[PDB]
Amino acid sequence: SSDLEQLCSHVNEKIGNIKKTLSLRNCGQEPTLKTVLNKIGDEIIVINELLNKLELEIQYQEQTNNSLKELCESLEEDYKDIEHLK
Amino acid sequence: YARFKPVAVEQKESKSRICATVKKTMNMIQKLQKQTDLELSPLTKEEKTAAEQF
Amino acid sequence: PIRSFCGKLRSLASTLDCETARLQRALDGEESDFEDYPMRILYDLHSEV
Amino acid sequence: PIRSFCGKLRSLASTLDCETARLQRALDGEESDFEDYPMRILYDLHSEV
Amino acid sequence: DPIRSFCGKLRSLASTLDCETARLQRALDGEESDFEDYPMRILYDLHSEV
Amino acid sequence: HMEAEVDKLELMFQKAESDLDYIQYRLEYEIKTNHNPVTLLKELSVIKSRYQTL
Amino acid sequence: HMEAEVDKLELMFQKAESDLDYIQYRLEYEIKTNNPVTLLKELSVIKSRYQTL
Amino acid sequence: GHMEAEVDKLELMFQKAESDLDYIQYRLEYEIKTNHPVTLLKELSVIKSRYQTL
Amino acid sequence: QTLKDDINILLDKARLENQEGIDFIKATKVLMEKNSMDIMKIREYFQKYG
């Protein structure tokens, strides 16, 4: 790495570091960004509750497919019973 | 969604399997009603539910 | 470690942005830097001679 | 001289694409490669032992 | 570490060889969808520019 | 513009990383929750040696 | 699909290049419808002779 | 050899992967050869300039 | 947004499959009672005939 190149990288780092601290100021001050940022942040809270609901609905869905299997089982016993006999 | 996708098809099994056992258990009874006499009707709640199995 | 790449990439972009803009203007006769500075160094060169 | 860069960049993408996909699946119990192959080498290892 | 550190690099070249040979076949065959779907989306952006 | 494009690419990479980071975080959570090929290799060395010296 | 994203980036660069390429092409066309170089060499011959004299 | 043998396999696989890729390519080339965006980019530059000059 | 759509959309298909399930078992358990009489009615018959 040359003395020239090393300078450039010093520059880009100062430049880049500003641009980041810039967007940090913009997004935390300017209103139009600040809403769309809260709109996302709010819509995260809901899409989080939508998960908990999907969680219970899964551990419910399973527990019926469990019963809806355990029924189907007993129901091929009482048929193979009536299939053998009559 | 991947805790879901199987439970979703292992229902169709248990469904489309029960729906096969009862259709068979039903035709013995419509063979054995024919062969000798008697009667009945499914009466609403029963035929309602038959829509589900068809 | 990520941005470190992009930072370099970015600069090549910023450069591409900035210089394509001005070079068009220069081609068109705007931007002023291109008829203003060569003057100033030509006038220095004159002053030398 | 353009693509030569991007080609490298691209491969890092393709990789990022492909592996993020499968690793999720693997985490979830799909994708099959991850319970299938360690079996096959564990069974070889057994056959050695 | 210096063991896997090698293989890790080797491995990635494999995973790449795996993944891309697969899809490129599909793409050749008309499946995989990424190859007729994305060029669309960037061609449609390019159109929108024009 | 291209700078803007790049800003996106960087943004994507950052996501990919926290994506990977999560997957890992979870695997680690799984492992620490319930309850060893490593030592098994050494032992398979211990025997292959212990044996063929004998 | 970052590969897709990259496909775009590469597309952009290729544009930027043919953009630059045009600008150049025009400038070259401009000069053809019509220099400080030799002026530097001449300005050395004088500075030399005065200092020799 | 032993691991040497394993490596012999790996090399063999790679060589396959290559001729695999090589075929896919060969076919694509065949498909295109049967009937005979690049220039479109160059054209899209000349106008985006002329707008700016005028 | 599209993510909160899908994550919602899915939840719906599961709310259903727990339902389309939770009344099948009952919709089936009524044909059970019907076929249960219909045998007991056939059985009571064939023992006597009259």
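See the structure shown above.
Residues numbered from 1 in each chain as written, not as in the entry; some residues may be left out. Chains lettered and ligands numbered in written order. Part of a larger assembly, values for the part shown. Heavy atoms only, no water. Residues with missing side-chain atoms left out of burial classes, pairs and counts.

1. A look at the overall build of chain H
Next up, step 1: Within chain H one finds 2 helices and 0 strands.
Next up, step 2: Since a compact globule built from 54 residues should have a radius of gyration of about 10 Å, the 24 Å found for chain H marks it as more spread out than a globular shape.
Next up, step 3: With respect to the principal axes defined by its C-alpha atoms, chain H has extents near 75 × 30 × 5 Å. (Helix = DSSP H or I, 4+ residues; strand = E, 2+ residues; numbered from the N terminus. Rg over C-alpha atoms; globule rule 2.2 N^0.38 Å.)

2. With respect to the overall build of chain E
Next up, step 1: Looking only at helices and strands, chain E features 2 helices and 0 strands.
Next up, step 2: Taking 50 residues into account, the globule formula puts the C-alpha radius of gyration at 10 Å, and chain E, at 17 Å, lies well above it.
Next up, step 3: When its C-alpha atoms are laid out on the principal axes, chain E stretches across 55 × 25 × 10 Å.

3. A look at the interface of chain I and chain B
Next up, step 1: Counting residues at the interface gives 20 residues for chain I and 21 residues for chain B.
Next up, step 2: Residue composition of the side of chain I that touches chain B, grouped by class: 10 nonpolar, 3 polar and 7 charged. (Contact = heavy atoms within 4.5 Å. Nonpolar A, V, L, I, M, F, W, Y, C, P; charged D, E, K, R; others polar.)

4. Digging into the pattern of salt bridges
Next up, step 1: When the shortest N-O distance is used, the salt bridge between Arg10 of chain C and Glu10 of chain F registers 2.8 Å. Of the two residues, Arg10 of chain C sits in helix α1 (residues 3-28) while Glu10 of chain F sits in helix α1 (residues 2-33), which places them in two different chains.
Next up, step 2: Between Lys15 of chain G and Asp19 of chain G there is a salt bridge, with the nearest N and O atoms lying 3.2 Å from each other. Placement of both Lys15 of chain G and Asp19 of chain G in helix α1 (residues 2-33) is noted, with a separation of 4 residues, approximately one turn of the helix.
Next up, step 3: Several salt bridges share partner residues, and in doing so they unite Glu20, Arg23, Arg26, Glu32 and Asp34 of chain E together with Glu3 of chain G into one network. (Salt bridge = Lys/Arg side-chain N within 4 Å of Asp/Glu carboxyl O.)

5. Considering helix α1 (residues 2-29) of chain E
Next up, step 1: For α1 of chain E, spanning 28 residues, the distance from its first C-alpha to its last is 41 Å, which sits close to the expected 40 Å at 1.5 Å a residue.
Next up, step 2: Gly30 of chain E, located one to two residues past α1 of chain E, shows a positive phi value of around 100 degrees. (Expected span 1.5 Å × (residues − 1).)

6. A few points about the arrangement of the chains
Next up, step 1: Where the 19 pairs of chains in contact are concerned, the greatest contact count is recorded for chains B and I.
Next up, step 2: Of all C-alpha pairs spanning chain B and chain E, none lies closer than 21 Å, and the two are not in contact.

7. Re the state of the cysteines
Next up, step 1: One disulfide bridge connects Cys18 of chain D with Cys19 of chain E, the sulfur atoms lying 2.1 Å from each other. Here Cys18 of chain D and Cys19 of chain E share a disulfide; its torsion about the S-S bond, 130 degrees, makes the bridge right-handed. Separated into two different chains, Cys18 of chain D in helix α1 (residues 3-28) and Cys19 of chain E in helix α1 make up a pair that spans both. (Disulfide = S-S within 2.5 Å.)

8. Considerations on the packing of helix α2 (residues 45-52) of chain B against helix α1 (residues 2-48) of chain I
Next up, step 1: Close contact between α2 of chain B and α1 of chain I brings their axes to 9 Å; oriented N to C, the two are set at 130 degrees. Taken together, the axes of α2 of chain B and α1 of chain I are oblique relative to one another. When the axes of α2 of chain B and α1 of chain I are compared, the crossing they make is left-handed. Here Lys45, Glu46, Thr49 and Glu52 of chain B of α2 of chain B come into contact with α1 of chain I, specifically with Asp23, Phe24, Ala27, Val30, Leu31 and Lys34 of chain I. (Axes fitted to C-alpha atoms, helices over the stretch in contact; angles between N-to-C directions. Parallel < 35°, antiparallel > 145°, perpendicular 65-115°, else oblique. Left-handed = near helix turned anticlockwise from the far one by under 90°.)

9. Description of the packing of aromatic side chains
Next up, step 1: Judged by centre distance (5.8 Å) and plane angle (45 degrees), the ring pair of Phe5 of chain C and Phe5 of chain D falls under tilted. With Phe5 of chain C in helix α1 and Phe5 of chain D in helix α1, the pair connects residues from two separate chains. (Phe/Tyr/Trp six-rings, centres within 6.5 Å; stacked < 30°, edge-to-face > 60°.)

10. Looking at the environment of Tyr45 of chain I
Next up, step 1: The topology assignment puts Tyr45 of chain I in helix α1.
Next up, step 2: In the structure, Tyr45 of chain I is positioned 28 residues away from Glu17 of chain I in sequence and 41 Å away in space, judged by C-alpha atoms.
Next up, step 3: Aside from chain neighbours lying at most four places away, what touches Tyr45 of chain I is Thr36, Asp37 and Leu38 of chain B together with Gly50 of chain I.
Next up, step 4: Side-chain polar atoms of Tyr45 of chain I contact the side chain of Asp37 of chain B, separated by 3.3 Å. (Polar contact = N/O pair within 3.5 Å; in protein donor to acceptor, adjacent residues only side chain to side chain.)

11. Description of the packing of helix α1 (residues 5-35) of chain B against α1 of chain I
Helix packing geometry: the angle between the two helix axes and the distance between the axes.
Next up, step 1: For the pair α1 of chain B and α1 of chain I, the least separation of the axes is 10 Å and the interaxial angle reads 20 degrees. On the basis of the axis angle, α1 of chain B is roughly parallel to α1 of chain I. Two packed elements cross with a definite hand, and for α1 of chain B against α1 of chain I that hand is left-handed. Along the contact surface, α1 of chain B presents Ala8, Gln11, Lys15, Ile18, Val22, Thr25, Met26, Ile29, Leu32 and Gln33 of chain B, while α1 of chain I presents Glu17, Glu20, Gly21, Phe24, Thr28, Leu31, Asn35, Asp38, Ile39, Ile42 and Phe46 of chain I.
Next up, step 2: Residues belonging to the contact of α1 of chain B with α1 of chain I are distributed by class as follows: 11 nonpolar, 6 polar and 4 charged.

12. A word on unusual backbone geometry
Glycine aside, residues mostly have negative phi angles, and peptide bonds mostly take the trans form.
Next up, step 1: Residues other than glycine seldom take positive phi values, yet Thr44 of chain B does so here, at roughly 60 degrees.
Next up, step 2: Along the chain, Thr44 of chain B falls in the loop between α1 and α2.
Next up, step 3: A positive phi angle, close to 65 degrees, is found at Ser32 of chain C, a residue other than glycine.

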